[PDB]
6 protein chains.
Amino acid sequence: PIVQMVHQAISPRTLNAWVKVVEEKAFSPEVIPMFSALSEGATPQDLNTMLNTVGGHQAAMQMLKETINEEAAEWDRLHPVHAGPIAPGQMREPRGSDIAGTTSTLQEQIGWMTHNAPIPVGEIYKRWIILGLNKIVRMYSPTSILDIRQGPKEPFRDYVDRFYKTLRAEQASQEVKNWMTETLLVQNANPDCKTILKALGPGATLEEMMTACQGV
Amino acid sequence: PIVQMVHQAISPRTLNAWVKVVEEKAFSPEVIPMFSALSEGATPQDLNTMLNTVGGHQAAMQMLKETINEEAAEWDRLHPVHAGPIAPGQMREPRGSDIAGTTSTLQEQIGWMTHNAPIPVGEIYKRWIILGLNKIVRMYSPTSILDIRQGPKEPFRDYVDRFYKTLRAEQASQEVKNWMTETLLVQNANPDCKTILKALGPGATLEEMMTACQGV
Amino acid sequence: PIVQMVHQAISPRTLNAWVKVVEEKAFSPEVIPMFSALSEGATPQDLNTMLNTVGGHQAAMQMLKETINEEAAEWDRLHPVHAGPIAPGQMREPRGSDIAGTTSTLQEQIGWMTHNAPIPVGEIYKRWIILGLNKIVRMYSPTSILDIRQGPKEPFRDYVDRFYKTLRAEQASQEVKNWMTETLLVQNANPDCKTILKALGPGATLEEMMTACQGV
Amino acid sequence: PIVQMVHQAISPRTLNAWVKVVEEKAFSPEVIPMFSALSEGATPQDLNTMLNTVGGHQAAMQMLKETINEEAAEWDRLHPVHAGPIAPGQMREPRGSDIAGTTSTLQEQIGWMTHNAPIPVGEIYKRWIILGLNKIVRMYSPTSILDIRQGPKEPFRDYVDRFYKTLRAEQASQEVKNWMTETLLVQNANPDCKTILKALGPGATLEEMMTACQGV
Amino acid sequence: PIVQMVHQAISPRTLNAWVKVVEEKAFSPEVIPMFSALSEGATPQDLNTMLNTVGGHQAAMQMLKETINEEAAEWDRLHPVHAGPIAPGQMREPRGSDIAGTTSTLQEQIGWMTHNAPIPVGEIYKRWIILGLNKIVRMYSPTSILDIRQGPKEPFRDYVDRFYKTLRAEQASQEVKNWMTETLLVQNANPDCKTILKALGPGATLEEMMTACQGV
Amino acid sequence: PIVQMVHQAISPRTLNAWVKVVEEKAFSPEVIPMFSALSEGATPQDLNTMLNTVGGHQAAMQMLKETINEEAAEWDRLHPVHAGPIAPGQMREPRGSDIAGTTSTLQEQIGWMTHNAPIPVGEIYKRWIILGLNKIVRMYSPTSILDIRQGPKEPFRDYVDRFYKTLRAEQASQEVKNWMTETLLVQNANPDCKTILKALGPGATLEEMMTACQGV
Ligand SMILES: [Cl-]
Ligand SMILES: [Cl-]
Ligand SMILES: [Cl-]
Ligand SMILES: [Cl-]
Ligand SMILES: [Cl-]
Ligand SMILES: [Cl-]
Ligand SMILES: [Cl-]
Ligand SMILES: [Cl-]
Ligand SMILES: [Cl-]
Ligand SMILES: [Cl-]
Ligand SMILES: [Cl-]
Ligand SMILES: [Cl-]
Ligand SMILES: [Cl-]
Ligand SMILES: [Cl-]
Ligand SMILES: [Cl-]
Ligand SMILES: [Cl-]
Ligand SMILES: [Cl-]
Ligand SMILES: [Cl-]
Ligand SMILES: [Cl-]
Ligand SMILES: [Cl-]
Ligand SMILES: [Cl-]
Ligand SMILES: [Cl-]
Ligand SMILES: [Cl-]
Ligand SMILES: [Cl-]
Ligand SMILES: [Cl-]
Ligand SMILES: [Cl-]
Ligand SMILES: [Cl-]
Ligand SMILES: [Cl-]
Ligand SMILES: [Cl-]
Ligand SMILES: [Cl-]
């Protein structure tokens with residue numbers, strides 16, 4: 001990583017933490033922020049380091065490769081490189097593969113990240129990676145939000161737990177999520193709680209809904 | 001975090017400590033100071049990092065989202081943003097979502113936190129988060145202070161333990177807590193200890209009360 | 001903590017160490033130095049942090065609260081606050097609650113701790129806390145020094161171990177401790193060792209006493 | 001290691017991490033980036049340190065020795081040393097054994113790594129080491145990419161996992177890997193999924209192929 | 001500790017390491033260097049911290065107290081304090097209790113340790129502590145060097161192990177140790193090895209003696 | 001240790017790592033680089049610290065003492081000390097015992113290690129220690145290189161593993177090792193592999209030999 005700005009190598013505890021996260025949690029949504037937390041200030045070299053140390057799950061890692069190549073090709077199309085000798089006071093403009101770390105040295109990445117008018121290649125590559133990771137989290141989610149229904153004896157709290165877990169795995173736009181919250185949550189409750197939630201009103205908070213079905 | 005003032009990324013041990021705290025202690029009151037201890041000097045990005053890495057408990061995390069949105073709307077109402085181009089020597093005034101970290105970059109948060117006439121967005125957001133966390137601790141408390149009664153064979157120490165545990169989960173105003181201490185504690189003791197505590201006097205310390213029922 | 005003088009947040013390993021100490025050792029005397037060791041250079045905020053993270057034992061923590069309030073009231077009586085506007089080059093004088101961290105910000109505590117003519121609020125509050133902790137250690141001690149008697153088959157070393165353990169839990173003045181050492185230790189030994197220790201003389205060291213009853 | 005540029009010793013956690021990696025993962029491909037991650041900024045002394053601390057696997061370590069000697073002889077052939085006394089403002093040119101750390105002091109390595117017009121002996125030696133490590137990973141791979149065939153009941157995801165694992169162990173040129181991906185993956189699927197993948201088209205992504213055989 | 005010179009608090013890992021050392025190894029000789037290793041650069045406050053955190057073994061800790069008081073009284077006798085007001089540019093001369101940390105603040109200890117013409121109170125107190133610790137190691141040693149005899153089937157290596165272990169616990173002067181090595185080691189071997197060692201000669205090394213009885 | 005140049009105490013993790021290494025691996029060859037890795041930049045005080053903390057194995061530690069005394073006497077013979085008062089701008093020349101840390105303070109060792117025209121006493125003492133450690137590794141090796149023979153069903157890889165393990169324990173000159181490699185390895189293989197290795201040619205690499213007997 002680079003920290004306030006000086007360069008540093010990725011620590012053993014960071015790398016081992018990421019490896020154990022992938023081992024234990026597979027591709028649960030909370031893996032993605034963890035990743036973003038273990039890669040704060042990372043160069044593309046550190047990100048490739050974290051990705052390459054994953055044993056197994058090679059189908060998902062290959063999908064991530066293809067996503068990264070898509071984003072790199074899009075960056076290349078939007079940022080066409082100009083022909084000409086690089087001036088003494090300048091550094092070359094990065095291609096998509098340079099941002100992915102495969103065609104750029106560590107010194108070039110540091111140069112882009114520190115030089116005035118900064119090109120944050122680490123955060124760009126990081127965004128691409130998180131995009132692919134979200135694709136993988138969605139594809140590996142074993143449930144659909146439409147199938148989450150409260151059991152007749154299920155306490156309301158557990159039903160809300162499952163519901164918002166699956167919803168977190170859905171990863172649709174926030175307006176769609178608001179719609180699912182305002183419709184499916186009360187729609188798919190069990191009769192006892194469903195009646196009370198209907199009696200609450202269309203604009204009640206989650207706190208009011210959970211405290212309304214607490215004794216029930 | 002930011003430390004004396006320079007910026008730093010949240011450490012692997014900090015994040016893993018928070019995750020394990022949520023795993024083990026659920027929503028016991030002591031979780032809240034622990035959180036505040038693992039987030040000293042945090043930017044809103046670090047706080048969102050700690051919140052997002054929680055797997056499961058998504059009902060509580062959603063309630064926390066709604067509380068944070070309430071506090072953000074209140075901040076927006078009390079701090080109406082002015083229309084105009086931001087001057088070269090200034091930074092824009094933060095909205096509620098900026099303080100929550102969802103509409104502000106890390107550089108903007110650092111800018112607000114370091115610039116003279118400082119706006120401590122991390123401590124504001126931290127206060128909102130602790131507010132919602134207290135709501136969750138209260139809602140998930142399984143006992144009421146009125147139901148804590150000393151058993152006939154229960155040593156006084158254990159009764160006081162349970163009593164002040166539940167009282168810590170009550171989270172009412174301090175005057176109400178003083179009233180509960182001065183009334184319910186002696187009122188709900190077992191006959192043997194209750195008589196002695198009555199003989200002590202209305203203004204005895206907890207040390208005097210516990211040493212009075214020690215042999216008893 | 002503040003370290004040579006710059007401010008720092010309490011570390012995850014420190015906090016987890018304190019929590020595990022309270023979990024494992026309850027209120028054994030060695031807990032108190034450990035505490036003082038894990039809080040070297042602490043602001044009142046760090047001390048309140050360490051106290052609040054304790055789950056359970058809420059009777060003892062409440063007793064500690066009452067002791068801290070006693071010491072705070074005494075400080076207020078001895079240091080009556082003067083009425084007047086605080087000058088530009090000065091900081092307000094701290095009340096008892098300010099030293100306890102409940103009515104003072106972190107910046108005010110740092111200000112008192114660093115400014116010339118220093119008011120060490122952290123060490124004052126720390127002294128109050130250690131006072132209450134000693135009260136708790138004494139109240140929770142399950143044995144009296146007068147009941148420690150050597151068994152007929154008990155090796156002298158174990159008897160001395162128990163004796164000075166209980167003595168450490170007694171926490172009377174040092175002259176009283178010297179008296180207990182000079183009287184009860186030989187008085188409550190078993191006949192075999194008691195005779196030899198009588199033959200040693202009234203002014204023998206603990207090394208001489210233990211080596212005198214080593215084979216015996 | 002050397003870090004931004006000052007010198008440092010290899011940490012206990014780094015060394016123990018490498019040792020445990022070799023113990024647990026043997027010579028799985030993910031060992032190689034891990035190595036490169038635990039050796040970022042290393043002098044040849046640190047690299048020899050990491051190699052020598054490996055207990056057992058001495059056949060592989062000897063093969064690595066022979067590879068390093070090959071690369072050293074090639075460097076010597078391409079960089080013939082000139083006869084003459086080293087000038088006061090200069091340092092001698094490194095031989096192959098100097099880069100391997102066996103004939104150069106730590107001070108000479110630091111001198112080459114820091115002096116302007118830098119000779120990065122640590123990264124050169126590191127490249128040689130990774131070359132030999134790739135040889136060992138290939139030789140110890142127990143499967144060939146041509147033998148990876150999907151079972152009749154095997155979910156497509158697992159088949160892709162095995163396939164790209166073995167492919168990662170193959171370590172042929174990237175064009176050859178592209179050919180294997182475009183031919184063998186669909187060629188060696190089971191009939192059910194093979195038909196659907198044929199119906200997809202010759203230019204479908206891995207995401208489209210896996211989502212096409214998801215229910216199947 | 002104080003490190004190159006600035007002051008620092010004793011770390012959680014250091015303290016926990018010392019505690020676990022006392023728990024596991026009791027009073028084996030290797031405890032003493034470990035202590036000296038965990039206390040490098042320590043003020044008397046850090047040393048008292050390490051001593052006080054020991055639970056149990058209070059007989060040994062009391063013996064250590066008495067030894068420290070002996071050394072303190074000797075220091076007081078050899079360094080009689082002069083009567084007079086301390087000058088502005090000076091610090092008072094330390095008594096024995098000041099060196100033991102019981103009558104001196106942390107600031108006074110730092111002052112003595114850093115000021116020119118330095119009084120290393122931490123290393124003096126450390127020497128006293130190691131003296132008492134050696135007394136305890138000797139008293140708690142369960143064997144005498146004269147009783148270490150090689151069994152008829154005991155390999156010579158194990159006999160030498162036991163012998164030099166007990167010898168390390170003896171802690172006599174080095175000339176006495178040389179005598180014990182030159183006499184008792186060969187004297188108390190079993191007949192088979194004893195004859196061969198007699199045939200070696202009076203001035204053979206331990207390597208020659210062990211390789212002479214290796215097959216035997 | 002001393003690090004780029006300032007002095008530091010040996011860390012708890014370093015010391016515990018060394019102790020656990022000695023506990024687990026006894027005197028396997030890989031212990032020696034580990035030692036050299038845990039002692040990079042060490043003063044003689046740190047090295048004596050690491051040696052003294054070893055419990056048990058006192059025969060080997062005594063042999064190490066005798067080796068260190070041999071090297072010290074040789075240094076004394078080659079560097080005869082001159083009689084005369086040490087000048088204000090100078091430090092005394094070190095004897096053999098000074099380099100071993102037994103007759104020199106930490107300040108004197110730092111002085112020799114930092115002063116221009118440097119005497120690296122830590123690396124000299126370190127070389128002596130590694131010499132004795134190699135003696136111990138050789139003496140405690142339970143096998144001879146001449147007895148390593150491939151079993152009739154033993155895969156060639158395992159045979160090479162054992163062979164180069166024992167060879168690493170032999171620690172003869174590199175030319176002798178080359179001879180053993182070129183003769184004994186093929187000489188002591190089983191008939192099946194031996195014939196093929198004879199058919200390979202006298203100058204084949206270890207990679208070619210192992211891949212020749214891979215299927216066999
Ligand atoms: Cl790892
Ligand atoms: Cl994995
Ligand atoms: Cl998954
Ligand atoms: Cl890779
Ligand atoms: Cl579900
Ligand atoms: Cl984690
Ligand atoms: Cl959880
Ligand atoms: Cl809960
Ligand atoms: Cl998230
Ligand atoms: Cl209860
Ligand atoms: Cl914790
Ligand atoms: Cl607890
Ligand atoms: Cl207790
Ligand atoms: Cl609290
Ligand atoms: Cl007892
Ligand atoms: Cl290790
Ligand atoms: Cl291994
Ligand atoms: Cl392998
Ligand atoms: Cl080696
Ligand atoms: Cl397979
Ligand atoms: Cl501890
Ligand atoms: Cl203990
Ligand atoms: Cl012992
Ligand atoms: Cl104490
Ligand atoms: Cl023995
Ligand atoms: Cl240790
Ligand atoms: Cl050991
Ligand atoms: Cl061994
Ligand atoms: Cl020693
Ligand atoms: Cl073998």
Side-chain angles (χ1 to χ4, degrees), chain A residues 1 8-24 34-35 37-39 42 45-56, chain B residues 9 11-17, chain C residues 12-13, chain D residues 1-3 8-57 60-61 64 122 126 129-130 133 136-137, chain E residues 13 17, chain F residues 1 10-25 28 30-40:
Chain A
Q8 198 175 11
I10 183 166
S11 74
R13 175 185 291 276
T14 301
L15 194 55
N16 184 247
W18 170 241
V19 171
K20 297 307 180 61
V21 160
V22 173
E23 285 184 358
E24 297 169 349
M34 180 66 63
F35 174 85
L38 299 167
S39 57
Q45 181 189 276
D46 300 321
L47 303 167
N48 281 326
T49 290
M50 297 174 60
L51 295 184
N52 291 334
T53 49
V54 175
Chain B
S11 74
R13 175 185 291 276
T14 301
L15 194 55
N16 184 247
Chain C
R13 175 185 291 276
Chain D
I2 298 182
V3 63
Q8 198 175 11
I10 183 166
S11 74
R13 175 185 291 276
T14 301
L15 194 55
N16 184 247
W18 170 241
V19 171
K20 297 307 180 61
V21 160
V22 173
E23 285 184 358
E24 297 169 349
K25 298 305 188 63
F27 290 104
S28 189
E30 79 263 23
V31 171
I32 301 184
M34 180 66 63
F35 174 85
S36 179
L38 299 167
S39 57
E40 292 182 346
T43 61
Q45 181 189 276
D46 300 321
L47 303 167
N48 281 326
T49 290
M50 297 174 60
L51 295 184
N52 291 334
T53 49
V54 175
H57 301 318
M61 307 308 298
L64 193 53
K126 195 161 157 182
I129 290 176
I130 292 183
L133 282 176
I136 299 168
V137 166
Chain E
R13 175 185 291 276
Chain F
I10 183 166
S11 74
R13 175 185 291 276
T14 301
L15 194 55
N16 184 247
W18 170 241
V19 171
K20 297 307 180 61
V21 160
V22 173
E23 285 184 358
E24 297 169 349
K25 298 305 188 63
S28 189
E30 79 263 23
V31 171
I32 301 184
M34 180 66 63
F35 174 85
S36 179
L38 299 167
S39 57
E40 292 182 346

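Labels below follow one simple rule: chain letters A, B, ... track the order of the sequence lines, proteins then strands, and each chain is numbered from 1. All values below come from the heavy atoms of this structure, side chains included, with hydrogens, waters and symmetry mates left out.
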Open item on the list: Rounded at 0.5 Å granularity, tell me how far OG1 in D:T49 sits from CH2 in D:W18.
Closed with: 13.0 Å
TODO: Give, for atom CG of F:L38 and atom CG of F:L15, the distance between the pair rounded to the nearest 0.5 Å.
DONE: 9.5 Å
Task: D:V137/D:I32 under side-chain contact (heavy atoms from CB on, under 4.5 Å): CA gap, chis, key distance, verdict - done: CA-CA 9 Å; D:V137 166; D:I32 301 184; 3.7 Å; yes
TODO: Would you confirm whether F:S11, through its side chain, and F:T14, through its main-chain N or O, come within 3.5 Å as a donor-acceptor pair?
DONE: yes
Task: Distance in Å, F:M34 CE paired with D:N52 CG, rounded so as to fall on 0.5 Å steps - done: 10.5 Å
- [ ] Under the side-chain contact (heavy atoms from CB on, under 4.5 Å) rule, what do D:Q8 and D:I2 come out as? Steps first, then yes or no, please.
- [x] CA-CA 6 Å; D:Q8 198 175 11; D:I2 298 182; over 6 Å; no
TODO: Can you see which heavy atom on D:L47 is nearest to which on D:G122, and at what distance?
DONE: CD1-O, 3.5 Å
- [ ] Examine distances only and state if a side-chain atom of B:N16 and a backbone atom of B:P12 form a donor-acceptor pair shorter than 3.5 Å.
- [x] no
Open item on the list: Do D:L64 and D:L51 have side chains that approach each other closer than 4.5 Å (heavy atoms only, starting at C-beta)?
Closed with: yes
Open item on the list: side-chain contact (heavy atoms from CB on, under 4.5 Å), that's the test. Do D:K20 and D:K25 meet it? Break it down for me.
Closed with: CA-CA 8 Å; D:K20 297 307 180 61; D:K25 298 305 188 63; over 6 Å; no
TODO: Verify the distance criterion only: is there a donor paired with an acceptor across the side chains of F:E30 and F:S28 at less than 3.5 Å?
DONE: yes
- [ ] State, without any angle test, whether D:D46 and D:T43 hold a side-chain donor-acceptor pair at a distance under 3.5 Å.
- [x] yes
Task: Value rounded to 0.5 Å, distance of CD1 in D:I129 from CZ in D:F35 - done: 4.5 Å
Open item on the list: Side chains of D:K126 and D:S36, heavy atoms from C-beta outward: is any pair under 4.5 Å?
Closed with: yes
TODO: Write down the atom of D:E40, the atom of A:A9, and the distance for their closest heavy-atom approach.
DONE: OE1-CB, 3.2 Å
